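> Got a structure for you, questions after.
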Amino acid sequence: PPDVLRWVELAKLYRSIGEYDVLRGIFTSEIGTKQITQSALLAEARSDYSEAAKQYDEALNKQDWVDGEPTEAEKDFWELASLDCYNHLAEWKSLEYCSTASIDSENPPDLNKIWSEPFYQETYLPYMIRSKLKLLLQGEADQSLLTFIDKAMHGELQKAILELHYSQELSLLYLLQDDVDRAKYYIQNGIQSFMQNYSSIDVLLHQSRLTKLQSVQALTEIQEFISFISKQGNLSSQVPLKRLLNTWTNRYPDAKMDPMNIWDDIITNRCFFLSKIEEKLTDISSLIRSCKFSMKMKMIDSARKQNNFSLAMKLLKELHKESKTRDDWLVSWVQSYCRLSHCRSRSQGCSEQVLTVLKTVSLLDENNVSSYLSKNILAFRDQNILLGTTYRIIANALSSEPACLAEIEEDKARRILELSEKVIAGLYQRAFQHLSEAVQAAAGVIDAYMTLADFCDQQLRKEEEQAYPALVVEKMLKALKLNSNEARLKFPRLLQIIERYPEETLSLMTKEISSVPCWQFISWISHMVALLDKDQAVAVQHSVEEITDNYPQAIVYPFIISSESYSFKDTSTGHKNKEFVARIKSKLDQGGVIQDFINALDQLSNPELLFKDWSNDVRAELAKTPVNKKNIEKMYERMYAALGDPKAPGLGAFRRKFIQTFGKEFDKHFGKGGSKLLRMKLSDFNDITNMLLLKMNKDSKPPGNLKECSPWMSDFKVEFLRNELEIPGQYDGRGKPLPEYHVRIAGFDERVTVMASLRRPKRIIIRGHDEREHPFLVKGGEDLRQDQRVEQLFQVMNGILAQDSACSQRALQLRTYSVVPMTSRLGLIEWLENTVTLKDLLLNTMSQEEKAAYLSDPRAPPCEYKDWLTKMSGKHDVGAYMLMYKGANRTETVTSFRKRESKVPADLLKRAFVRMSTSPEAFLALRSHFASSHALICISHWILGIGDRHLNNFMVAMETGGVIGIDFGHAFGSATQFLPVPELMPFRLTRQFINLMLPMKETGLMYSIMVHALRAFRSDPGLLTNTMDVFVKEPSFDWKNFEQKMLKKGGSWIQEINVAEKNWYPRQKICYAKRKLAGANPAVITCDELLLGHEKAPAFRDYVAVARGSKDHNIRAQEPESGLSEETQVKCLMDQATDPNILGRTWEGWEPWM
């Protein structure tokens, strides 16, 4: 065919530049039509290279296949994938016969036949010479190679390939036959081969250069063996031997970043080199064998981490025979096997998870009980840790699934219940004894503390429905006294166990928090200085005191906003708490420069919108019932401080260029304010305010035009040490902070830039003590604590995301812009250099006329959409959705959706990537980064369920093509609850993000990124679970700041609910996130969230019908409700994202089409 071998050659190209995902993107959509294809690629996409060839040898001998026939395009592909997925693991012996046994049989004369028919010359040859060399290097004779080598070394057309390419295999072969000089010439041609090959690759095609560069360690290891074997200065004694052995075992390839064949190359070459150098010149060899065993053991402990499991298992069964002389080898062998069983069992079913770790008991009542768990107490500790965690695994296995697990294999049921609920408590007790041995038995004890920590916290969150709270606190804090990233983020668990159990061991917390390094709390300080108002601000006083003594700069900005509200206790215990805030308030802010800093930054914003904020605040507050006492006269003082007379800027502030245009004009209307606004108590007629507010926007002058609107910062002139300012937004954990070295703010440029948004924030260009120019964006008027919280969330998120293998090898990270809330209604936020928002990219890409007909046209897809809302429902604004859901079928909406999206241009994102790249060597590495980053943030915006991802919340950076996420108002699962017209799509993957990657399918890259990300997420010990728990279990938005920040933005949402406002309940959002992280179908969660906030809504059954599926077209209904897997979860996601039953009826400003 003329349209299939093209895909064969495209796969042939993409196999060479790494890129092993868009390789598999076409082997499920062009070379297909079967089912063994998908059933093997699902076990090849995850690193499970055993079953994904065990169902290719169980498919090459197929007979019937009566549904048609596999063409000639995939019968070769099946054996080629069999070769590849035999090569990635240690199957060399079953590679040679399966390579050369496809031209003839009867042990064929493979001499010149492979030098014929060039399909027999690129594919079957390198695996043959590779496999035969790997099988020769183990040590045998087998004499199958040099005859073919010497026959092919005869003639130019049989030598100008076998000398061009390979030469390192040949260098090792001629080292095996002991002519070192031709081996010298060959390895030197190998070094020149790497140089000339490296020089011709382009400079931005990354990961191809890595696949080149990862071999020079093997090349130089051969070069060093040659340089070492020939010299006669090393034949005298054993010390250059000893030094070379130490500098070998010192160096290593790293774990978590090198694929397994490079580990194989270096390990086997080093073992053969070492055996040769002991074979020639002749305890010594016992020490040599000990270095051999330790190098092999490090190879196994690196190969465990990447889920490359079957290679690890056959390596373990390789490495048993040597492990009998020295007992530490046996104890390392058994802990390595128990840890391999542990890392395996985190993915099996509940039926086999008990079996797969019950089988590893009989080697633990084995020897090493003979006096070696007495010589080392540390090995006793590690044995205790692994056994207790194994008992915890078995007890946690069949406590999740009821009692049905002791139904099969009754000898094993007798085995487990030998050591029905009275065995669960016994196994938990047998776990707890072995863990309590550890905390009484560098940093080989932090693991022993931390296992008790997470075990006991799991037991108490089981006990939500035993003096463990006495045990957990000091056994956590005695290791937090040491450095630990896994204990820095586990502190608010102590802050909540002491609050909920104050009569349970309050003094223990005090007696341990007495001596602790007081700079390990600097990240958590808003969870301590917002605790001064309540009780239990008595166990934590001196740590706050020490921070305000030694580092009195890094507590200041969260002390202010928590001093903004503090009502103290009438009992005399409160009479030292108000004394405590008095003492710290006196001894801090002694410079008196922080307050003028904040005040001049307040005088920079636009107060014209602050009056709108004040009008909406009072018309929401006093419009219920006039029984609120004194609060109107308590909150008019805030308005009268900043606004009113032109001398209150003098006294509380500096003279503003805006107040000489605002307060000076407002006397003939603010006399009315001083008459009736100071004594209103009416709340019946704010039309008088609305008409003046309509006039105040016509003649105002928002061009502030300079820095002179804030005169304090323009003329800064630092003089000497008056306890200088120390720029906001440093001191984010991470070791002992050097105080003197942050950028002392020393100047403000007289250039300000407003931004065009709904609130119109301003951007300033502040200058450096290191003589840089740090820009920032002031954010006047809004609460910005939640954005600090979710940047902490993204920090722990892509701190998880870089310690597995399969995301570190592909370099997936989020991009965290920084944010800081100086005081309430005043935040600084980091600005990024030369970025463009997504709708601006997709909008300026077009020409003149297509943009003109998209914006200004009657049948244009916005205006056509509101016209379809009219002609479907009858009414002509919001309020027609409720009659639109029930009163419309499927087939009108789907076809009308296609009919409206056909009018826009098609190749918009591809013209945007081609209008600036100027090189098709750059188009590839500018497209792949866009797709990789957009896929990662579209799955990480969903675990903690965020909505509202419209066209101005993605920003692209036009030097690499990444995308970022900003502006999170609907943080947890709350987009669909409290909005009127809900949103049901888990992210945004619309038509343009599809027409970019054509002609590839949307299962090549945007699927493998999401799968690797989600499987990287849900195997953690619950760091995300605890942090998400703590973020909503700290009340700062208890529907009040939520509704305030909701009405801050101007959309269509005014509250009046009275049923969902009682249904806030942060024991529900953690439950739903723990479900959709623990495994749940993503149509169950969306209809559950729509049920809990839209009960008794009219078209509610329509909502659950559209979210429910169709069972004939949408896969998201044909799947179960629980116990799924990652690929099924993400297949439901990618169906629900693009399913025009859903995208047809959504919010018009969300822009579903473009």
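Numbering starts fresh at 1 for the residues of each chain in the structure tokens, the chains themselves are lettered A, B, ... in the order given, and ligands are numbered from 1 as they appear.
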Need the shell around residue 434 of chain A: protein/DNA/RNA residues with any atom at most 8 Å away, counting only C-alpha atoms. Skip same-chain ones fewer than 5 positions apart. Format as a list in words?

residues 384, 385, 387 and 388 of chain A

> Listing only residues of segment 783-819 of chain A within 12 Å of segment 549-573 of chain A, what is the closest atom pair and its distance in Å (to one decimal) for each, using only C-alpha atoms, sorted by chain and residue number ascending, as a tab-separated table?


residue	atom	partner	partner_atom	distance
A:783	CA	A:561	CA	10.5
A:784	CA	A:561	CA	11.3
A:785	CA	A:558	CA	9.9
A:788	CA	A:558	CA	11.7

> Go ahead and dump the residues you just picked, C-alpha atoms, as a PDB file, in the first residue's frame.


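Heads up, here's the output in selection.pdb:
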ATOM      1  CA  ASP A 783      -6.472  38.137  49.716  1.00  0.00           C
ATOM      2  CA  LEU A 784      -3.441  36.187  48.578  1.00  0.00           C
ATOM      3  CA  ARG A 785      -2.840  33.602  51.250  1.00  0.00           C
ATOM      4  CA  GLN A 788       0.954  31.007  48.874  1.00  0.00           C
TER       5      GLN A 788
END

> Which one of A:1147, A:404, A:988, A:822 sits closest to residue 599 of chain A if you count only C-alpha atoms?

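With only C-alpha atoms as the atom set, the closest residue is A:822.
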
> Which residues, written as a list in words, have at least one atom at most 12 Å from residue 177 of chain A, with only C-alpha atoms counted and residues fewer than 5 positions away on the same chain left out?

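The residues that qualify are residues 141, 143, 145, 146, 170, 171, 172, 182 and 183 of chain A.
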
> Which residues are close to residue 1029 of chain A, i.e. within 9 Å by only C-alpha atoms, leaving aside same-chain residues fewer than 5 positions away? Reply as a JSON list (two decimals) with N, CA and C atoms, in the first residue's frame.


[["chain", "number", "residue", "atom", "x", "y", "z"],
["A", 1024, "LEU", "N", 0.85, 14.23, 50.00],
["A", 1024, "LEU", "CA", -0.20, 15.04, 49.42],
["A", 1024, "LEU", "C", -1.48, 14.95, 50.23],
["A", 1034, "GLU", "N", -7.32, 24.49, 58.25],
["A", 1034, "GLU", "CA", -6.96, 25.76, 58.88],
["A", 1034, "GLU", "C", -7.97, 26.81, 58.44],
["A", 1066, "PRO", "N", -15.32, 20.53, 55.32],
["A", 1066, "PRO", "CA", -14.03, 20.02, 54.85],
["A", 1066, "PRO", "C", -13.67, 18.60, 55.25],
["A", 1067, "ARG", "N", -14.62, 17.81, 55.74],
["A", 1067, "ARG", "CA", -14.44, 16.37, 55.77],
["A", 1067, "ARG", "C", -14.98, 15.71, 54.52],
["A", 1069, "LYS", "N", -14.29, 17.31, 51.07],
["A", 1069, "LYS", "CA", -13.34, 17.57, 50.00],
["A", 1069, "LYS", "C", -12.12, 16.67, 50.12],
["A", 1070, "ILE", "N", -11.68, 16.40, 51.35],
["A", 1070, "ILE", "CA", -10.60, 15.45, 51.55],
["A", 1070, "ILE", "C", -11.05, 14.04, 51.22]]

> Near residue 604 of chain A, counting only C-alpha atoms, which residues have an atom at most 12 Å away, once you skip same-chain residues fewer than 3 positions from it, shown as a ChimeraX atom specification?

/A:597-601,607-608,642,653-659,702-714,752-754,760-764,777-781,826

> Which residues are close to residue 860 of chain A, i.e. within 12 Å by only C-alpha atoms, leaving aside same-chain residues fewer than 4 positions away? Reply as JSON, numbers by chain.

{"A": [850, 851, 852, 853, 854, 855, 856, 864, 865, 866, 867, 868, 899, 900, 901, 902, 903, 904, 905, 1153, 1154]}

> Would you mind exporting N, CA, C and O atoms of the selected residues as an mmCIF file, in the first residue's frame?


data_model
loop_
_atom_site.group_PDB
_atom_site.id
_atom_site.type_symbol
_atom_site.label_atom_id
_atom_site.label_comp_id
_atom_site.auth_asym_id
_atom_site.auth_seq_id
_atom_site.Cartn_x
_atom_site.Cartn_y
_atom_site.Cartn_z
ATOM 1 N N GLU A 850 -9.788 36.829 9.020
ATOM 2 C CA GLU A 850 -10.328 35.709 9.781
ATOM 3 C C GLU A 850 -10.571 36.094 11.236
ATOM 4 O O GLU A 850 -11.570 35.679 11.834
ATOM 5 N N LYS A 851 -9.716 36.956 11.792
ATOM 6 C CA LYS A 851 -9.964 37.501 13.122
ATOM 7 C C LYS A 851 -11.163 38.441 13.119
ATOM 8 O O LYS A 851 -11.941 38.469 14.082
ATOM 9 N N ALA A 852 -11.336 39.204 12.034
ATOM 10 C CA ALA A 852 -12.457 40.134 11.933
ATOM 11 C C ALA A 852 -13.784 39.392 11.868
ATOM 12 O O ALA A 852 -14.745 39.751 12.558
ATOM 13 N N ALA A 853 -13.841 38.333 11.067
ATOM 14 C CA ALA A 853 -15.042 37.518 10.999
ATOM 15 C C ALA A 853 -15.215 36.632 12.223
ATOM 16 O O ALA A 853 -16.319 36.139 12.453
ATOM 17 N N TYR A 854 -14.160 36.395 13.004
ATOM 18 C CA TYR A 854 -14.384 35.687 14.258
ATOM 19 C C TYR A 854 -14.971 36.605 15.323
ATOM 20 O O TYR A 854 -15.864 36.196 16.070
ATOM 21 N N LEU A 855 -14.479 37.838 15.431
ATOM 22 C CA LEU A 855 -14.989 38.715 16.481
ATOM 23 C C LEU A 855 -16.305 39.369 16.088
ATOM 24 O O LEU A 855 -17.320 39.205 16.773
ATOM 25 N N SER A 856 -16.305 40.131 14.997
ATOM 26 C CA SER A 856 -17.434 40.992 14.648
ATOM 27 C C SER A 856 -18.214 40.334 13.518
ATOM 28 O O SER A 856 -17.974 40.598 12.341
ATOM 29 N N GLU A 864 -23.247 33.201 17.569
ATOM 30 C CA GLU A 864 -24.048 32.046 17.192
ATOM 31 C C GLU A 864 -24.421 31.221 18.408
ATOM 32 O O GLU A 864 -25.505 30.634 18.444
ATOM 33 N N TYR A 865 -23.548 31.165 19.410
ATOM 34 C CA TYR A 865 -23.855 30.347 20.572
ATOM 35 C C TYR A 865 -24.940 30.974 21.428
ATOM 36 O O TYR A 865 -25.829 30.268 21.919
ATOM 37 N N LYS A 866 -24.906 32.295 21.607
ATOM 38 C CA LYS A 866 -26.022 32.899 22.335
ATOM 39 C C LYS A 866 -27.305 32.885 21.508
ATOM 40 O O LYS A 866 -28.396 32.771 22.075
ATOM 41 N N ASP A 867 -27.200 32.918 20.174
ATOM 42 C CA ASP A 867 -28.393 32.776 19.345
ATOM 43 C C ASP A 867 -28.973 31.368 19.429
ATOM 44 O O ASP A 867 -30.196 31.193 19.408
ATOM 45 N N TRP A 868 -28.117 30.354 19.538
ATOM 46 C CA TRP A 868 -28.617 29.001 19.724
ATOM 47 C C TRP A 868 -29.208 28.816 21.109
ATOM 48 O O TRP A 868 -30.162 28.049 21.276
ATOM 49 N N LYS A 899 -21.266 22.216 13.691
ATOM 50 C CA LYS A 899 -21.632 23.266 12.748
ATOM 51 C C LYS A 899 -21.128 24.634 13.193
ATOM 52 O O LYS A 899 -20.824 25.486 12.350
ATOM 53 N N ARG A 900 -21.008 24.861 14.497
ATOM 54 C CA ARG A 900 -20.450 26.134 14.925
ATOM 55 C C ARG A 900 -18.934 26.122 14.975
ATOM 56 O O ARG A 900 -18.316 27.168 14.755
ATOM 57 N N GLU A 901 -18.305 24.975 15.233
ATOM 58 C CA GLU A 901 -16.853 25.014 15.273
ATOM 59 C C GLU A 901 -16.233 24.877 13.897
ATOM 60 O O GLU A 901 -15.020 25.068 13.761
ATOM 61 N N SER A 902 -17.026 24.566 12.874
ATOM 62 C CA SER A 902 -16.463 24.506 11.536
ATOM 63 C C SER A 902 -16.075 25.867 10.985
ATOM 64 O O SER A 902 -15.312 25.921 10.019
ATOM 65 N N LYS A 903 -16.553 26.961 11.569
ATOM 66 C CA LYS A 903 -16.361 28.274 10.970
ATOM 67 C C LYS A 903 -15.023 28.912 11.306
ATOM 68 O O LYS A 903 -14.563 29.773 10.549
ATOM 69 N N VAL A 904 -14.393 28.525 12.412
ATOM 70 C CA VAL A 904 -13.112 29.096 12.821
ATOM 71 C C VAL A 904 -12.020 28.528 11.922
ATOM 72 O O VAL A 904 -12.253 27.515 11.247
ATOM 73 N N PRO A 905 -10.841 29.143 11.839
ATOM 74 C CA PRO A 905 -9.723 28.492 11.149
ATOM 75 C C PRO A 905 -9.244 27.259 11.904
ATOM 76 O O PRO A 905 -9.555 27.029 13.073
ATOM 77 N N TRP A 1153 -14.914 26.108 21.966
ATOM 78 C CA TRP A 1153 -14.543 25.738 20.604
ATOM 79 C C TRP A 1153 -13.054 25.945 20.342
ATOM 80 O O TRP A 1153 -12.317 24.983 20.122
ATOM 81 N N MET A 1154 -12.584 27.178 20.406
ATOM 82 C CA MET A 1154 -11.232 27.514 19.978
ATOM 83 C C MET A 1154 -10.171 27.131 20.994
ATOM 84 O O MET A 1154 -10.425 26.361 21.909
#
